[PDB]
Amino acid sequence: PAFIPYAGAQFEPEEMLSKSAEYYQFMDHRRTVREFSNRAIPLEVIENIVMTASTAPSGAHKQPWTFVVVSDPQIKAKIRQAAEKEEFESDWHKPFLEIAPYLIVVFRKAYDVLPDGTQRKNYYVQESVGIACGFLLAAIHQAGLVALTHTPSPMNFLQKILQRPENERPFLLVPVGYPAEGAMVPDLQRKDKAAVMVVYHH
Amino acid sequence: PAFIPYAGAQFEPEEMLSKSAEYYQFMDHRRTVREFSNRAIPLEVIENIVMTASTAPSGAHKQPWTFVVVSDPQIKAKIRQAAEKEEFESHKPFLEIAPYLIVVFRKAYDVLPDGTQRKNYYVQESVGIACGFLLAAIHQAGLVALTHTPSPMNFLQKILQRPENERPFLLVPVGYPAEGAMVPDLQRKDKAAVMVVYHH
Ligand SMILES: Cc1cc2nc3c(=O)[nH]c(=O)nc-3n(C[C@H](O)[C@H](O)[C@H](O)COP(=O)(O)O)c2cc1C
Ligand SMILES: Cc1cc2nc3c(=O)[nH]c(=O)nc-3n(C[C@H](O)[C@H](O)[C@H](O)COP(=O)(O)O)c2cc1C
(Lines give C-alpha, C1' and ligand atoms only; values in the text may rest on other atoms or scores of the structure.)
(Ligands and ions follow the chains in the order given, each with its own letter.)
Protein backbone atom coordinates (compact mmCIF):
# COMPACT_ATOMS: atom_id res chain seq x y z
CA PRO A 1 0.00 0.00 0.00
CA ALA A 2 2.95 2.34 -0.65
CA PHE A 3 2.75 5.63 -2.54
CA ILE A 4 4.91 7.65 -4.93
CA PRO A 5 4.67 11.17 -6.40
CA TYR A 6 3.50 11.26 -10.03
CA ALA A 7 6.45 11.74 -12.40
CA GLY A 8 4.84 13.00 -15.60
CA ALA A 9 6.22 15.49 -18.10
CA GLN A 10 3.58 18.19 -18.57
CA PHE A 11 3.65 21.13 -20.97
CA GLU A 12 2.06 24.57 -21.14
CA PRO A 13 -1.30 24.70 -23.00
CA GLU A 14 0.66 25.93 -26.03
CA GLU A 15 2.87 22.86 -26.35
CA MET A 16 -0.13 20.66 -25.54
CA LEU A 17 -1.84 21.76 -28.75
CA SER A 18 0.96 20.91 -31.17
CA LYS A 19 1.46 17.63 -29.31
CA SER A 20 -2.22 16.69 -29.55
CA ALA A 21 -2.54 17.95 -33.13
CA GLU A 22 0.62 16.31 -34.48
CA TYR A 23 -0.33 13.06 -32.76
CA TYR A 24 -3.83 13.10 -34.26
CA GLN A 25 -2.39 13.48 -37.76
CA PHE A 26 0.09 10.71 -36.98
CA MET A 27 -2.64 8.28 -35.86
CA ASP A 28 -4.98 9.32 -38.64
CA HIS A 29 -2.38 7.86 -41.02
CA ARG A 30 -2.86 4.44 -39.41
CA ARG A 31 -4.82 2.03 -41.58
CA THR A 32 -5.73 -1.63 -41.27
CA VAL A 33 -3.61 -3.52 -43.80
CA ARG A 34 -4.55 -6.98 -45.08
CA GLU A 35 -1.59 -7.68 -47.37
CA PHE A 36 1.63 -8.31 -45.45
CA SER A 37 5.29 -8.69 -46.31
CA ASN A 38 6.86 -11.86 -44.91
CA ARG A 39 9.96 -9.81 -44.09
CA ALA A 40 11.46 -10.77 -40.73
CA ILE A 41 11.03 -8.63 -37.60
CA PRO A 42 13.06 -8.96 -34.37
CA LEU A 43 11.00 -10.52 -31.57
CA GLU A 44 12.13 -7.71 -29.24
CA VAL A 45 10.04 -5.25 -31.27
CA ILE A 46 6.98 -7.42 -30.71
CA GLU A 47 7.92 -7.88 -27.05
CA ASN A 48 8.17 -4.13 -26.51
CA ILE A 49 4.91 -3.63 -28.40
CA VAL A 50 3.17 -6.24 -26.25
CA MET A 51 4.80 -4.77 -23.14
CA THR A 52 3.56 -1.34 -24.21
CA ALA A 53 0.05 -2.79 -24.35
CA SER A 54 0.46 -4.21 -20.85
CA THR A 55 1.03 -0.71 -19.43
CA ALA A 56 -2.67 -0.02 -20.01
CA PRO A 57 -4.96 0.62 -17.05
CA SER A 58 -6.85 -2.42 -15.71
CA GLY A 59 -9.73 -3.06 -13.33
CA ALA A 60 -8.11 -3.31 -9.89
CA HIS A 61 -4.67 -3.61 -11.53
CA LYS A 62 -5.44 -7.25 -12.38
CA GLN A 63 -4.11 -6.81 -15.92
CA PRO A 64 -6.41 -9.68 -16.96
CA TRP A 65 -4.83 -10.50 -20.31
CA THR A 66 -2.44 -12.93 -21.97
CA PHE A 67 -0.67 -11.97 -25.19
CA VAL A 68 0.13 -15.11 -27.17
CA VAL A 69 2.78 -14.15 -29.73
CA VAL A 70 2.92 -16.69 -32.56
CA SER A 71 5.70 -16.90 -35.16
CA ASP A 72 5.70 -20.68 -35.62
CA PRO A 73 4.82 -21.37 -39.28
CA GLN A 74 3.00 -24.63 -38.50
CA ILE A 75 0.75 -23.08 -35.84
CA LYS A 76 -0.08 -20.15 -38.11
CA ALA A 77 -1.02 -22.63 -40.85
CA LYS A 78 -3.33 -24.50 -38.46
CA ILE A 79 -4.96 -21.27 -37.28
CA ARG A 80 -5.42 -19.98 -40.83
CA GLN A 81 -7.17 -23.11 -42.08
CA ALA A 82 -9.40 -23.03 -39.00
CA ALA A 83 -10.28 -19.38 -39.65
CA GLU A 84 -10.88 -19.97 -43.36
CA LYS A 85 -13.03 -23.05 -42.69
CA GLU A 86 -15.17 -21.22 -40.13
CA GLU A 87 -15.68 -18.08 -42.23
CA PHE A 88 -16.25 -20.35 -45.24
CA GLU A 89 -19.49 -21.49 -43.60
CA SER A 90 -22.32 -19.01 -44.15
CA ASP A 91 -13.00 -13.03 -48.03
CA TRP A 92 -12.77 -16.35 -46.24
CA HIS A 93 -9.42 -16.40 -48.05
CA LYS A 94 -6.89 -15.35 -45.40
CA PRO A 95 -3.24 -15.80 -46.47
CA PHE A 96 -2.28 -12.99 -44.08
CA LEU A 97 -2.48 -15.31 -41.06
CA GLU A 98 0.50 -17.29 -42.39
CA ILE A 99 2.38 -14.56 -44.27
CA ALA A 100 2.48 -12.07 -41.39
CA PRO A 101 5.67 -12.72 -39.37
CA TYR A 102 3.73 -12.62 -36.07
CA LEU A 103 0.21 -13.41 -34.89
CA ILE A 104 -0.58 -11.65 -31.62
CA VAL A 105 -3.50 -13.55 -30.11
CA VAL A 106 -5.03 -11.60 -27.24
CA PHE A 107 -6.80 -13.48 -24.44
CA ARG A 108 -8.93 -12.05 -21.62
CA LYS A 109 -8.78 -13.44 -18.09
CA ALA A 110 -12.23 -13.63 -16.49
CA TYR A 111 -10.53 -14.54 -13.21
CA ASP A 112 -7.07 -15.15 -11.75
CA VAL A 113 -6.24 -18.57 -10.31
CA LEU A 114 -4.11 -18.96 -7.18
CA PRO A 115 -1.90 -21.87 -6.05
CA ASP A 116 -4.53 -22.88 -3.46
CA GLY A 117 -6.97 -23.28 -6.35
CA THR A 118 -9.27 -20.39 -5.41
CA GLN A 119 -10.52 -17.99 -8.10
CA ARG A 120 -10.12 -14.23 -7.68
CA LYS A 121 -12.51 -12.75 -10.23
CA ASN A 122 -11.24 -9.85 -12.32
CA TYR A 123 -13.25 -6.66 -12.85
CA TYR A 124 -14.23 -4.85 -16.06
CA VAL A 125 -12.15 -7.25 -18.14
CA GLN A 126 -13.63 -6.55 -21.58
CA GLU A 127 -12.97 -2.84 -21.13
CA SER A 128 -9.46 -3.32 -19.72
CA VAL A 129 -8.32 -5.73 -22.43
CA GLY A 130 -9.89 -3.58 -25.14
CA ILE A 131 -7.90 -0.60 -23.90
CA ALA A 132 -4.74 -2.72 -23.91
CA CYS A 133 -5.44 -3.71 -27.53
CA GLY A 134 -5.65 0.01 -28.18
CA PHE A 135 -2.18 0.47 -26.72
CA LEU A 136 -1.03 -2.52 -28.78
CA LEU A 137 -2.17 -1.04 -32.10
CA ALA A 138 -0.87 2.38 -31.07
CA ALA A 139 2.55 0.78 -30.46
CA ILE A 140 2.43 -1.26 -33.67
CA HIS A 141 1.87 2.02 -35.51
CA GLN A 142 4.67 3.68 -33.52
CA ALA A 143 7.14 1.00 -34.56
CA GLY A 144 6.26 1.73 -38.19
CA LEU A 145 4.48 -1.60 -38.60
CA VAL A 146 0.97 -2.46 -39.76
CA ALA A 147 -1.66 -4.86 -38.43
CA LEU A 148 -5.02 -6.46 -39.14
CA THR A 149 -7.33 -6.25 -36.14
CA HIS A 150 -9.22 -9.50 -36.64
CA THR A 151 -12.01 -11.42 -34.90
CA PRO A 152 -10.75 -14.17 -32.60
CA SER A 153 -11.96 -16.84 -35.04
CA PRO A 154 -12.50 -19.71 -34.44
CA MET A 155 -12.42 -19.30 -30.66
CA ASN A 156 -12.34 -22.98 -29.68
CA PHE A 157 -9.50 -23.77 -32.07
CA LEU A 158 -7.42 -20.82 -30.85
CA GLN A 159 -8.13 -21.94 -27.28
CA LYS A 160 -6.90 -25.50 -27.85
CA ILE A 161 -3.94 -24.94 -30.18
CA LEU A 162 -2.55 -22.26 -27.85
CA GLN A 163 -3.44 -24.49 -24.90
CA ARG A 164 -4.71 -21.57 -22.85
CA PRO A 165 -6.46 -22.43 -19.54
CA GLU A 166 -10.23 -22.27 -18.99
CA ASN A 167 -10.02 -18.91 -17.20
CA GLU A 168 -8.97 -17.33 -20.51
CA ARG A 169 -10.87 -16.66 -23.74
CA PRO A 170 -9.69 -15.36 -27.14
CA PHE A 171 -10.33 -11.60 -27.34
CA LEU A 172 -8.65 -10.48 -30.58
CA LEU A 173 -6.52 -11.82 -33.42
CA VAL A 174 -3.85 -9.39 -34.61
CA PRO A 175 -1.46 -10.30 -37.42
CA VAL A 176 1.50 -7.91 -37.42
CA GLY A 177 4.33 -7.09 -39.79
CA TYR A 178 5.57 -4.97 -42.67
CA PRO A 179 3.05 -4.02 -45.35
CA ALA A 180 3.36 -5.59 -48.81
CA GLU A 181 4.95 -3.52 -51.58
CA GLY A 182 1.71 -3.44 -53.56
CA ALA A 183 -0.44 -3.12 -50.45
CA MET A 184 -3.66 -1.16 -50.90
CA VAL A 185 -6.39 -0.22 -48.43
CA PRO A 186 -9.98 0.84 -49.17
CA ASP A 187 -10.62 4.56 -49.68
CA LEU A 188 -12.51 4.91 -46.39
CA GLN A 189 -13.52 8.16 -44.70
CA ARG A 190 -13.61 8.56 -40.92
CA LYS A 191 -16.43 10.44 -39.18
CA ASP A 192 -15.91 14.16 -38.56
CA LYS A 193 -15.97 15.50 -34.99
CA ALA A 194 -19.61 16.56 -35.29
CA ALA A 195 -20.60 12.90 -35.77
CA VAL A 196 -18.56 11.50 -32.84
CA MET A 197 -18.19 14.32 -30.30
CA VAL A 198 -20.96 15.89 -28.21
CA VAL A 199 -20.06 18.84 -25.97
CA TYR A 200 -21.80 20.30 -22.92
CA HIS A 201 -20.57 23.85 -22.35
CA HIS A 202 -20.84 26.25 -19.40
CA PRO B 1 -15.34 1.60 -53.41
CA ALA B 2 -11.96 3.10 -54.34
CA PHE B 3 -8.53 1.93 -53.17
CA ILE B 4 -5.33 3.68 -52.10
CA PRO B 5 -1.74 2.45 -51.85
CA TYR B 6 -0.73 2.21 -48.19
CA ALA B 7 1.23 5.36 -47.37
CA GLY B 8 3.25 4.60 -44.24
CA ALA B 9 6.84 4.99 -43.10
CA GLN B 10 9.08 1.93 -42.94
CA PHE B 11 12.13 1.61 -40.70
CA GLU B 12 14.91 -0.97 -40.53
CA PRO B 13 14.67 -3.55 -37.72
CA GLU B 14 17.13 -1.54 -35.61
CA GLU B 15 15.30 1.77 -35.94
CA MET B 16 12.24 -0.29 -35.04
CA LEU B 17 13.94 -1.62 -31.91
CA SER B 18 14.70 1.94 -30.86
CA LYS B 19 11.21 3.33 -31.41
CA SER B 20 9.46 0.27 -29.99
CA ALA B 21 11.64 0.56 -26.88
CA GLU B 22 11.42 4.36 -26.77
CA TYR B 23 7.62 4.14 -26.89
CA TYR B 24 7.39 1.39 -24.27
CA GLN B 25 9.30 3.45 -21.70
CA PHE B 26 7.23 6.54 -22.51
CA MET B 27 4.00 4.59 -22.02
CA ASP B 28 5.34 2.97 -18.85
CA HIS B 29 5.49 6.47 -17.34
CA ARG B 30 1.70 6.70 -17.69
CA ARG B 31 -0.25 6.33 -14.46
CA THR B 32 -3.86 6.65 -13.37
CA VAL B 33 -4.04 9.95 -11.47
CA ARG B 34 -6.91 10.55 -9.04
CA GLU B 35 -5.79 14.01 -7.86
CA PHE B 36 -6.46 16.64 -10.54
CA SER B 37 -5.64 20.31 -11.05
CA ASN B 38 -8.39 22.76 -12.01
CA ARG B 39 -6.08 24.42 -14.54
CA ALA B 40 -8.08 25.22 -17.67
CA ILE B 41 -7.24 23.21 -20.80
CA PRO B 42 -8.04 24.52 -24.29
CA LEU B 43 -11.08 22.70 -25.70
CA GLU B 44 -9.16 22.19 -28.95
CA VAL B 45 -6.56 20.06 -27.16
CA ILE B 46 -9.23 17.58 -26.11
CA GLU B 47 -10.90 17.89 -29.53
CA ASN B 48 -7.76 16.40 -31.08
CA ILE B 49 -7.58 13.76 -28.33
CA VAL B 50 -11.17 12.68 -29.03
CA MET B 51 -10.60 12.56 -32.79
CA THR B 52 -7.37 10.63 -32.22
CA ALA B 53 -9.49 8.07 -30.37
CA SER B 54 -11.88 8.11 -33.32
CA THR B 55 -9.16 6.90 -35.70
CA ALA B 56 -9.37 3.52 -33.97
CA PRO B 57 -10.37 0.50 -36.05
CA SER B 58 -13.98 -0.67 -35.75
CA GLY B 59 -16.09 -3.61 -36.86
CA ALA B 60 -17.26 -2.84 -40.40
CA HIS B 61 -15.96 0.75 -40.08
CA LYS B 62 -19.11 1.64 -38.13
CA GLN B 63 -17.07 3.55 -35.53
CA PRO B 64 -19.84 2.86 -32.98
CA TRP B 65 -18.83 5.48 -30.41
CA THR B 66 -19.90 8.86 -29.06
CA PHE B 67 -17.50 10.97 -27.00
CA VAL B 68 -19.50 13.22 -24.68
CA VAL B 69 -17.19 15.95 -23.35
CA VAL B 70 -18.45 17.64 -20.18
CA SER B 71 -16.93 20.92 -18.95
CA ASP B 72 -20.11 22.32 -17.38
CA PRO B 73 -19.39 22.48 -13.62
CA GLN B 74 -23.12 21.99 -12.98
CA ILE B 75 -23.39 18.67 -14.82
CA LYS B 76 -19.98 17.62 -13.49
CA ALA B 77 -21.27 18.17 -9.95
CA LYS B 78 -24.48 16.20 -10.55
CA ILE B 79 -22.49 13.34 -12.06
CA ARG B 80 -20.22 13.48 -9.01
CA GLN B 81 -23.17 13.14 -6.64
CA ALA B 82 -24.85 10.20 -8.39
CA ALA B 83 -21.49 8.44 -8.70
CA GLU B 84 -20.93 8.78 -4.96
CA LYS B 85 -24.42 7.55 -4.06
CA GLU B 86 -23.94 4.49 -6.27
CA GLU B 87 -20.47 3.74 -4.91
CA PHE B 88 -21.81 4.45 -1.41
CA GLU B 89 -23.50 1.04 -1.32
CA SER B 90 -20.95 -1.31 0.24
CA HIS B 91 -15.55 10.07 -2.29
CA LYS B 92 -14.99 11.43 -5.82
CA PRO B 93 -13.68 15.02 -5.88
CA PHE B 94 -11.93 14.49 -9.24
CA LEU B 95 -15.22 14.47 -11.19
CA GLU B 96 -15.63 18.19 -10.41
CA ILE B 97 -11.99 19.25 -10.20
CA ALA B 98 -10.95 17.87 -13.59
CA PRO B 99 -11.78 20.55 -16.20
CA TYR B 100 -13.25 17.86 -18.49
CA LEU B 101 -15.11 14.56 -18.26
CA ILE B 102 -14.93 12.42 -21.40
CA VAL B 103 -17.90 10.05 -21.16
CA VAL B 104 -17.48 7.37 -23.82
CA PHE B 105 -20.68 5.86 -25.20
CA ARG B 106 -20.90 2.71 -27.31
CA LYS B 107 -23.50 2.24 -30.04
CA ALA B 108 -25.22 -1.15 -30.12
CA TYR B 109 -26.54 -0.13 -33.55
CA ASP B 110 -26.99 2.73 -36.02
CA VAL B 111 -30.39 4.26 -36.80
CA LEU B 112 -30.90 5.03 -40.49
CA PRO B 113 -32.91 8.06 -41.70
CA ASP B 114 -35.82 5.74 -42.58
CA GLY B 115 -35.96 4.64 -38.94
CA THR B 116 -34.45 1.21 -39.58
CA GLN B 117 -31.81 -0.21 -37.23
CA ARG B 118 -28.52 -1.34 -38.76
CA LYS B 119 -26.68 -3.52 -36.24
CA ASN B 120 -23.05 -2.90 -35.31
CA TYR B 121 -20.21 -5.42 -35.06
CA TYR B 122 -17.87 -6.11 -32.12
CA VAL B 123 -18.81 -2.88 -30.38
CA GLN B 124 -17.27 -3.62 -26.96
CA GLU B 125 -13.77 -4.28 -28.32
CA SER B 126 -14.02 -1.56 -30.98
CA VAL B 127 -14.86 1.11 -28.40
CA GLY B 128 -12.39 -0.39 -25.93
CA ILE B 129 -9.63 -0.02 -28.52
CA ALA B 130 -10.76 3.55 -29.18
CA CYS B 131 -10.54 4.23 -25.44
CA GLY B 132 -7.00 2.88 -25.70
CA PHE B 133 -6.16 5.47 -28.34
CA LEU B 134 -7.86 8.09 -26.14
CA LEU B 135 -5.64 7.35 -23.14
CA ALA B 136 -2.63 7.24 -25.46
CA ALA B 137 -3.55 10.67 -26.81
CA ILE B 138 -4.09 12.00 -23.29
CA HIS B 139 -0.66 10.74 -22.23
CA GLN B 140 0.86 12.13 -25.43
CA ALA B 141 -0.52 15.56 -24.56
CA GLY B 142 1.25 15.47 -21.19
CA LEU B 143 -2.14 15.19 -19.50
CA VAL B 144 -3.42 12.58 -17.06
CA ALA B 145 -6.66 10.66 -16.68
CA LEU B 146 -8.70 8.42 -14.41
CA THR B 147 -10.23 5.53 -16.32
CA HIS B 148 -13.44 5.07 -14.35
CA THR B 149 -16.60 2.95 -14.35
CA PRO B 150 -19.54 4.52 -16.23
CA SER B 151 -21.67 4.41 -13.06
CA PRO B 152 -24.53 4.92 -12.70
CA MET B 153 -25.33 4.12 -16.35
CA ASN B 154 -29.00 5.15 -16.26
CA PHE B 155 -28.07 8.54 -14.82
CA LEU B 156 -25.23 9.27 -17.24
CA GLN B 157 -27.53 8.17 -20.06
CA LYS B 158 -30.31 10.51 -18.95
CA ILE B 159 -28.42 13.63 -17.88
CA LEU B 160 -26.27 13.60 -21.02
CA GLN B 161 -29.37 12.90 -23.10
CA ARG B 162 -28.02 10.07 -25.24
CA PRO B 163 -30.35 7.93 -27.42
CA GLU B 164 -31.39 4.31 -26.88
CA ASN B 165 -28.83 2.89 -29.31
CA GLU B 166 -26.07 4.20 -27.02
CA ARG B 167 -24.89 3.09 -23.58
CA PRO B 168 -22.17 4.50 -21.28
CA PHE B 169 -18.90 2.60 -21.79
CA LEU B 170 -16.42 4.59 -19.71
CA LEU B 171 -16.12 7.79 -17.69
CA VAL B 172 -12.74 9.53 -17.73
CA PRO B 173 -11.79 12.81 -16.05
CA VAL B 174 -9.03 14.62 -17.95
CA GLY B 175 -6.75 17.37 -16.74
CA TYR B 176 -3.39 18.36 -15.33
CA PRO B 177 -2.16 16.44 -12.27
CA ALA B 178 -2.41 18.00 -8.80
CA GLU B 179 0.64 19.62 -7.18
CA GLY B 180 1.24 16.94 -4.55
CA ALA B 181 -0.14 14.23 -6.82
CA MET B 182 0.68 10.81 -5.38
CA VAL B 183 0.05 7.53 -7.21
CA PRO B 184 0.07 4.04 -5.66
CA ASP B 185 3.48 2.35 -5.84
CA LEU B 186 2.20 -0.36 -8.16
CA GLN B 187 4.40 -2.74 -10.14
CA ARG B 188 3.34 -4.06 -13.54
CA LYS B 189 3.58 -7.72 -14.51
CA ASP B 190 6.75 -8.83 -16.29
CA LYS B 191 7.05 -10.40 -19.75
CA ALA B 192 6.70 -13.87 -18.26
CA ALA B 193 3.29 -13.29 -16.67
CA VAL B 194 1.52 -11.76 -19.70
CA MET B 195 3.41 -12.94 -22.80
CA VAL B 196 3.52 -16.50 -24.15
CA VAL B 197 5.77 -16.97 -27.19
CA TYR B 198 5.55 -19.90 -29.61
CA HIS B 199 8.90 -20.24 -31.41
CA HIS B 200 9.73 -22.67 -34.22
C1 LIG C 1 -13.00 -5.63 -33.09
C2 LIG C 1 -12.56 -5.58 -34.53
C3 LIG C 1 -12.66 -6.73 -35.29
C4 LIG C 1 -12.28 -6.74 -36.63
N5 LIG C 1 -12.39 -7.90 -37.36
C6 LIG C 1 -12.01 -7.92 -38.69
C7 LIG C 1 -12.13 -9.10 -39.42
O8 LIG C 1 -12.57 -10.12 -38.89
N9 LIG C 1 -11.75 -9.12 -40.75
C10 LIG C 1 -11.25 -7.98 -41.34
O11 LIG C 1 -10.92 -8.00 -42.53
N12 LIG C 1 -11.14 -6.81 -40.62
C13 LIG C 1 -11.52 -6.77 -39.29
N14 LIG C 1 -11.41 -5.60 -38.56
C15 LIG C 1 -10.85 -4.36 -39.23
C16 LIG C 1 -11.92 -3.34 -39.57
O17 LIG C 1 -12.73 -3.84 -40.62
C18 LIG C 1 -11.25 -2.01 -39.95
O19 LIG C 1 -10.57 -1.51 -38.81
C20 LIG C 1 -12.26 -1.00 -40.50
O21 LIG C 1 -12.63 -1.41 -41.80
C22 LIG C 1 -11.73 0.43 -40.57
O23 LIG C 1 -10.49 0.47 -41.24
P24 LIG C 1 -9.22 1.18 -40.56
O25 LIG C 1 -8.92 0.50 -39.25
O26 LIG C 1 -8.04 1.01 -41.49
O27 LIG C 1 -9.48 2.65 -40.33
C28 LIG C 1 -11.78 -5.58 -37.22
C29 LIG C 1 -11.68 -4.43 -36.46
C30 LIG C 1 -12.06 -4.42 -35.12
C31 LIG C 1 -11.93 -3.16 -34.34
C1 LIG D 1 -12.05 -0.53 -17.38
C2 LIG D 1 -11.40 0.20 -16.23
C3 LIG D 1 -12.20 0.67 -15.20
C4 LIG D 1 -11.65 1.34 -14.12
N5 LIG D 1 -12.47 1.79 -13.12
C6 LIG D 1 -11.95 2.47 -12.04
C7 LIG D 1 -12.79 2.92 -11.03
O8 LIG D 1 -14.01 2.71 -11.10
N9 LIG D 1 -12.27 3.59 -9.95
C10 LIG D 1 -10.91 3.82 -9.87
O11 LIG D 1 -10.44 4.42 -8.91
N12 LIG D 1 -10.07 3.38 -10.87
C13 LIG D 1 -10.58 2.69 -11.96
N14 LIG D 1 -9.73 2.25 -12.96
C15 LIG D 1 -8.25 2.52 -12.86
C16 LIG D 1 -7.46 1.31 -12.37
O17 LIG D 1 -7.83 1.04 -11.03
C18 LIG D 1 -5.96 1.57 -12.50
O19 LIG D 1 -5.66 1.75 -13.87
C20 LIG D 1 -5.14 0.44 -11.87
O21 LIG D 1 -5.13 0.63 -10.47
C22 LIG D 1 -3.68 0.36 -12.35
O23 LIG D 1 -3.04 1.62 -12.28
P24 LIG D 1 -2.32 2.23 -13.58
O25 LIG D 1 -3.36 2.44 -14.66
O26 LIG D 1 -1.72 3.58 -13.23
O27 LIG D 1 -1.24 1.30 -14.08
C28 LIG D 1 -10.28 1.57 -14.05
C29 LIG D 1 -9.47 1.10 -15.09
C30 LIG D 1 -10.03 0.42 -16.17
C31 LIG D 1 -9.13 -0.06 -17.26
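The space that makes up the largest cavity amounts to roughly 60 Å³. The wall of the largest cavity is formed by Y6 of chain A together with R30, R31, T32, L135, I138, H139, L143, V144 and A145 of chain B. Breaking the lining of the largest cavity down by element, the ones donating at least two residues are α5 (123-140) and β6 (144-145) of chain B. Among the residues forming the lining of the largest cavity, the class breakdown is 6 nonpolar, 2 polar and 2 charged. Put simply, the second largest cavity is a space of about 50 Å³. Among the secondary structure elements, those contributing two or more residues to the lining of the second largest cavity are α5 (125-143) and β6 (146-147) of chain A. Top element by residues in the lining of the second largest cavity is α5 of chain A. It accounts for 3 residues. For the lining of the second largest cavity, the class distribution of residues is 6 nonpolar, 1 polar and 2 charged.

The next subject is the interface of chain A and chain B. Many authors give the size of an interface as the accessible area that is lost as the parts come together. Between chain A and chain B, the residue contacts involve 99 residues of the former and 100 residues of the latter. Interface area for chain A against chain B, summed over the two sides, is near 9,000 Å², with a carbon-plus-sulfur share of 63%. It is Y6, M51 and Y200 of chain A that lose the most area in chain A upon contact with chain B, and together they represent 10% of the buried surface on that side. Run the count over chain A and chain B and you get 4 salt bridges. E47 of chain A is paired through a salt bridge with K191 of chain B; the nearest N and O atoms lie 3.7 Å apart. Between chain A and chain B we count 42 residue pairs in polar contact in total. At 13 residues, α5 of chain A tops the list of elements feeding residues into the side of chain A that touches chain B. Among the residues making up the side of chain A that touches chain B, the classes are represented as 57 nonpolar, 24 polar and 18 charged. As paired elements, strand β9 (residues 197-200) of chain A and strand β2 (residues 65-70) of chain B share 4 bridges and run parallel to each other. What sits directly across from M197 of chain A, in β2 of chain B, is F67 of chain B.

All right, on to the nonpolar core then. If you look at the biggest cluster of nonpolar residues, it comprises 79 residues, and the most contacted ones within it are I46, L136 and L145 of chain A together with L143 of chain B. Take this core: its biggest share by element is 12 residues, from α5 of chain A. Once residues lying within four places of it in the same chain are set aside, the contact partners of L143 of chain B are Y6 and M16 of chain A together with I41, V45, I49, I138, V174, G175 and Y176 of chain B. Residues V70, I79, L95 and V144 of chain B belong to the second largest nonpolar core, which totals 24 residues.

About the thresholds
- Residues numbered from 1 in each chain as written, not as in the entry; some residues may be left out.
- Chains lettered and ligands numbered in written order.
- Heavy atoms only, no water.
- 1 Å grid on protein atoms, 1.4 Å probe; cavity = no way out; pocket = protein on both sides within 12 Å on 5 of 7 lines; lining within 4 Å.
- Points joined across faces, edges and corners; volume = space filled by probe spheres on them.
- Helix = DSSP H or I, 4+ residues; strand = E, 2+ residues; numbered from the N terminus.
- Nonpolar A, V, L, I, M, F, W, Y, C, P; charged D, E, K, R; others polar.
- Contact = heavy atoms within 4.5 Å.
- Buried area = accessible area lost by both parts, 1.4 Å probe.
- Salt bridge = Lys/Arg side-chain N within 4 Å of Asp/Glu carboxyl O.
- Polar contact = N/O pair within 3.5 Å; in protein donor to acceptor, adjacent residues only side chain to side chain.
- Pairing = 2+ DSSP bridges.
- Core = buried A, V, L, I, M, F, W, Y, C linked by side-chain atoms within 4.5 Å.
- Buried < 20%, exposed > 50% of the residue type's maximum accessible area, 1.4 Å probe, protein only.

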